[PDB]
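Structural overview
Listed below, chain by chain, are the residues.
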Amino acid sequence: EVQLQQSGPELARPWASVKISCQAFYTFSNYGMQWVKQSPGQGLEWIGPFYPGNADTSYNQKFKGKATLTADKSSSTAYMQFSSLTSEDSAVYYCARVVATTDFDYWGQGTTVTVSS
Amino acid sequence: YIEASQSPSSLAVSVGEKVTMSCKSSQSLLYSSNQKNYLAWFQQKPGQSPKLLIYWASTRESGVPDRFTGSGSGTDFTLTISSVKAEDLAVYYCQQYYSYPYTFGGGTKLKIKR
Amino acid sequence: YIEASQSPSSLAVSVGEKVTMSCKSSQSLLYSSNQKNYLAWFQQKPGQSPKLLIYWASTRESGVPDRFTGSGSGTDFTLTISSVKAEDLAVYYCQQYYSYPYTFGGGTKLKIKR
Amino acid sequence: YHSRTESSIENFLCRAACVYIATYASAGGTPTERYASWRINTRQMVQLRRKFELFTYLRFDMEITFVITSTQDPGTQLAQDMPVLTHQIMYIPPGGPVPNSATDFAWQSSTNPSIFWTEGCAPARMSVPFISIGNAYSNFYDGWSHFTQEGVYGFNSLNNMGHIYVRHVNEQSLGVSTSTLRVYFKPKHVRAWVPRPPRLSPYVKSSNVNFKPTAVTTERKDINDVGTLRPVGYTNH
């Protein structure tokens, strides 16, 4: 029942870097952090997992070569960088956390990245 | 752990008035080799998925209206909207993606004054 | 990529009638060494964050009411609710966490029949 | 670089196998029920056949052990006290007289070695040498019996081994005494030639090599489909 927050929704512009942070309330040993894509037209699509205590970062083939991920375990803040930003990528980005190797227990709060060109 | 503090309260102003907000970070968020500020201002519609406004604090996200302008260098980080709207109700965070962990902000409700 | 197909349509039944649903997976979801089924049935309130009902298809999540019972072994995966409610409106997915990627389901709206 | 001594022909083909189980009565009845007969061959037990038909030619000695177990028979006029049961086992070489009934004259022929065995002792054993006209037994023979290119196909007369016939020596006046025979067969001093590919289709006939077409192997999902897979875990992160 632990809460979960993020950087927040900001109105951005096309081709302007938008980093979506995510707070933490746990440790950083063999656990996982990731996100999804909440768009009614496109349904739900993952974007990439981050693994504290494992030093593994992966991206989807739909955004490979476009998006990058970084995080600081000590600072308790995880980045999800994005490049060549479009206008239809707007979604309610949910921060998913897993304290297990294979599960989905706690979900995020919600942040919007809609832009206007 | 590295966190950041948003304004003490919400905007709590009238509709149609430009709003200025700041995000106080607890540590430096500039990487001197690349001169990049790793922080973004977020926005979450209640009940839906969140979505940020501007990333890198100097590059507005594509598709975002020209009303939002993010600024702030070093530890401080600000944002300005020249036209606040009643249909933009959300929770404003200032999330950082500099290093582990990717901590969120503090929250900012768009309340009612009318 | 490994995905799974939910029922062709929504429940579309009356309130207070037990509902049975199935999730057709495109590949085996049982690891014979551990006899574990890596799939869960999810639930997302419109506008808020999602939340599953039962994980491993045999262990109901703590805090979940006794109305939801997940079953299904191997590729098939089912779920049953002995009392459908009008305040449980959400989108039902059957997400799998077996291997990369962690693909979601298909969606299931709780529509109106009254 | 470990040992290969277990894969040799001797250690591969010298395992005793049960090749016949029969029963016979000790009193009145149909005459064919009062003795047990078996023609020695290796083509009726499929498990032993698949082992001998890896080679084209074989040369070995036979060791045959008989396990005989008798019991009383329900009915009227049961025997209150019987002394002991004695059994006669006769090996008929190729071309020797063969009984057509119990209590026949062929049972007393001087050319047929016989064993008289009493209940309670160790099982009876005999050993037959390589008894043939040629220089080897042949599992596969491509040819005919007569030179007219007609007759029985696939039959060779150079690999006859004889017959085994078992009966009750005693004459029983009170009651019937059913008995059961098991035959254990073993090759010794085995020599094999010209190896062959092992069979794929199931056997259909003991005399023929007839078969049904069978798939060369078991089906697979795809050409690049490796066997199954593993889920994500602590090692795979």
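Residues numbered from 1 in each chain as written, not as in the entry; some residues may be left out. Chains lettered and ligands numbered in written order. Part of a larger assembly, values for the part shown. Heavy atoms only, no water. Residues with missing side-chain atoms left out of burial classes, pairs and counts.

Method information in the entry identifies cryo-EM as the source of the structure, with 3.4 Å recorded as the resolution.

1. So, the overall build of chain A
Rules: Helix and strand definitions follow DSSP, with helices as H or I runs of at least four residues and strands as E runs of at least two, each counted in order from the N terminus. As a reference, a globule follows 2.2 Å times the number of residues to the power 0.38, and the radius of gyration itself is taken over C-alpha atoms. Any two residues whose heavy atoms approach within 4.5 Å are treated as being in contact.
Counting its regular elements, chain A contains zero helices and ten strands. Helices and strands in chain A line up, N terminus first, as β-β-β-β-β-β-β-β-β-β. The globule rule puts the C-alpha radius of gyration for 117 residues at 13 Å, and the 14 Å found for chain A is close to it. Taking the principal axes of its C-alpha atoms as reference, chain A extends roughly 40 × 30 × 25 Å. Intrachain contacts of chain A at a sequence separation of at least 6 include 48% that bridge at least 24 residues.

2. As for the overall build of chain B
A tally of helices and strands in chain B yields zero helices and ten strands. For chain B, the N- to C-terminal ordering of α and β elements is β-β-β-β-β-β-β-β-β-β. Against the globule reference of 13 Å for 114 residues, chain B gives a C-alpha radius of gyration of 14 Å, in line with a compact fold. Its C-alpha atoms give chain B principal-axis dimensions of roughly 45 × 25 × 25 Å. Pairs at least 24 residues apart make up 50% of the contacts formed inside chain B by residues separated by at least 6 positions.

3. A look at the side chain of C:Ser99
Threshold: Burial classes: relative accessible area under 20% of the type maximum marks a residue as buried, over 50% as exposed, and values in between as partly exposed (1.4 Å probe, protein chains only).
With respect to the element layout, C:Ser99 can be found in the segment after β10 (94-95). Given a relative accessible area of 10%, C:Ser99 falls into the buried group. Beyond its immediate sequence surroundings of up to four residues, C:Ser99 is in contact with C:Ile2 and D:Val232.

4. So, the sheet that holds strand β2 (residues 19-25) of chain B
Residues and elements named next belong to chain B. Quick reminder of the rule: By the convention used here, strands pair only if DSSP detects at least 2 bridges between them.
Reading across the sheet, the four strands line up as β1-β2-β9-β8 and stay open at both edges, with antiparallel pairing between neighbours. Taken across any chain shown, the strands that pair with only one partner, and hence form the sheet edges, are β1 (4-5) and β8 (68-71). Pairing of β2 with strand β9 (residues 76-81) involves six bridges; the strand directions are antiparallel. Residue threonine 20 lies in a different strand from β9, and its bridge partner there is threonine 80.

5. Some details on unusual backbone geometry
All names here are of chain B. Note the cis peptide between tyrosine 100 and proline 101, where omega equals -5°. Inspection of the secondary structure assignment puts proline 101 in the segment after β10 (94-95). A positive phi angle is found at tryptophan 56, which is not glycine, with a value near 65°. Looking at where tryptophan 56 falls in the secondary structure, it is placed in the loop between β6 (54-55) and β7 (59-60).

6. Overview of the relation of the copies chain B and chain C
For clarity, the cut-off: Only C-alpha atoms enter the least-squares fit that superposes the copies.
Between chain B and chain C, which share one sequence, the superposing operator has a rotation angle of 180° and an axial displacement of 0.0 Å; the RMSD is 0.0 Å. Accordingly, the operation relating the two chain copies is best matched by a two-fold axis. By C-alpha distance to the rotation axis, the residue of chain B lying nearest is B:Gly47, at 0.9 Å. Comparing interface residues between copies, 100% of those in chain B also sit at the interface in chain C, which points to an isologous, same-surface contact.

7. Quick word on the packing of aromatic side chains
Quick reminder of the rule: What counts as a ring pair is set by centres within 6.5 Å for rings of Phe, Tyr and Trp (its six-membered ring), and what kind of pair is set by the plane angle: stacked under 30 degrees, edge-to-face over 60, tilted for all other angles. The rule for a charge over a ring is simple: NZ of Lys or CZ of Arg within 6 Å of the ring centre, and within 35 degrees of the ring normal.
One pass over the structure, following the stated rule, counts 36 aromatic pairs over all chains. With a centroid separation of 6.1 Å and an interplanar angle of 90°, the aromatic rings of A:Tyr94 and A:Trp107 are classed as edge-to-face. With A:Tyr94 in the loop between β8 (92-93) and β9 (95-98) and A:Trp107 in the loop between β9 and β10 (111-112), the pair connects residues that are 13 residues apart, well separated along the chain. Overall, A:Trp107 belongs to the buried group, its relative accessible area being 9%. Taken together, A:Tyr94, A:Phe104, A:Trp107, C:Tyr38, C:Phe42, C:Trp56, C:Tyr93, C:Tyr97, C:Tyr98, C:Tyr100, C:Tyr102 and C:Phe104 form an aromatic cluster joined through their ring pairs. Above the ring of C:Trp56, the side-chain terminus of C:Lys36 is found at 3.5 Å from the ring centroid.

8. Quick notes on a nonpolar patch on the surface
Residues and elements named next belong to chain D. As a reminder, the rule being used: Only residues whose relative accessible area exceeds 30% and that form no salt bridge are eligible for patches; like-charged ones are grouped when within 9 Å, while nonpolar side chains (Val, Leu, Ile, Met, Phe, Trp, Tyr) are grouped when within 5 Å. Per-residue and other accessible areas follow the Shrake-Rupley method at a 1.4 Å probe size, with only the shown protein chains counted as cover for residues. Put simply, a salt bridge is a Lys or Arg side-chain nitrogen that is within 4 Å of an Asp or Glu carboxyl oxygen.
Together, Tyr57, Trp193 and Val194 make up a nonpolar patch on the protein surface, roughly 270 Å² of accessible area in all. Topologically, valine 194 is positioned in strand β9 (residues 179-195). The class for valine 194 is partly exposed, based on a relative accessible area of 47%.

9. Observations concerning the interface of chain B and chain C
We count it as follows: In short, buried area is how much 1.4 Å probe accessible area vanishes from two parts on joining, totalled over both. Here a polar contact is taken to be a pair of N or O atoms separated by no more than 3.5 Å, where protein atoms must pair a possible hydrogen donor with a possible acceptor and residues adjacent in sequence count only if both atoms sit in side chains. Here the nonpolar group is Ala, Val, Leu, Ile, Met, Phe, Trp, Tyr, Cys and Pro; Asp, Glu, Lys and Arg are the charged ones; every other residue, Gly included, is treated as polar.
Between chain B and chain C, the contact holds four residues from the first and four residues from the second. Taking both partners together, chain B and chain C bury about 200 Å²; carbon and sulfur atoms supply 36% of that area. At the boundary of chain B and chain C, one finds zero salt bridges. Counting every contact that joins chain B to chain C gives three residue pairs in polar contact. Broken down by class, the residue content of the side of chain B that touches chain C amounts to one nonpolar, two polar and one charged.

10. What to know about the arrangement of the chains
The protein chains that touch form five pairs of chains, and the pair with the most contacts between them is chains A and B. Across all C-alpha pairs, the smallest distance from chain B to chain D is 17 Å, and the two are not in contact.

11. A few points about the interface of chain A and chain B
Interface extent is often summarised as the accessible area lost during association of the parts. Taken residue by residue, the interface counts 59 residues in chain A and 51 residues in chain B. Elements supplying a minimum of two residues to the side of chain A that touches chain B: β6 (67-72), β7 (77-82), β8 and β10 of chain A. Residue contributions to the side of chain A that touches chain B peak at six residues, all from β7(A). Among the residues making up the side of chain A that touches chain B, the classes are represented as 29 nonpolar, 24 polar and six charged.

12. What about the pattern of salt bridges?
Inspection of the entire model under this criterion finds seven salt bridges over all chains. Its salt-bridge partner being B:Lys85, residue B:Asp88 comes within 3.7 Å of it at the nearest N-O pair. Just as B:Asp88 is buried, B:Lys85 falls in that class too. Here D:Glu53 and D:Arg49 are joined by a salt bridge, their closest N and O atoms 3.4 Å apart. Across the pair, exposure class does not vary: D:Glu53 and D:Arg49 are buried alike. Sharing partners across several salt bridges, the network here consists of D:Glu63, D:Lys186 and D:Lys188.

13. A short note on the environment of A:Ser84
Residues and elements named next belong to chain A. Here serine 84 shows up in the loop between β7 and β8. In sequence terms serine 84 and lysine 66 are 18 residues apart; their C-alpha atoms lie 6.8 Å from each other. Non-local contacts of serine 84, meaning those with residues more than four positions away in its chain, are made with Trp15 and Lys66.

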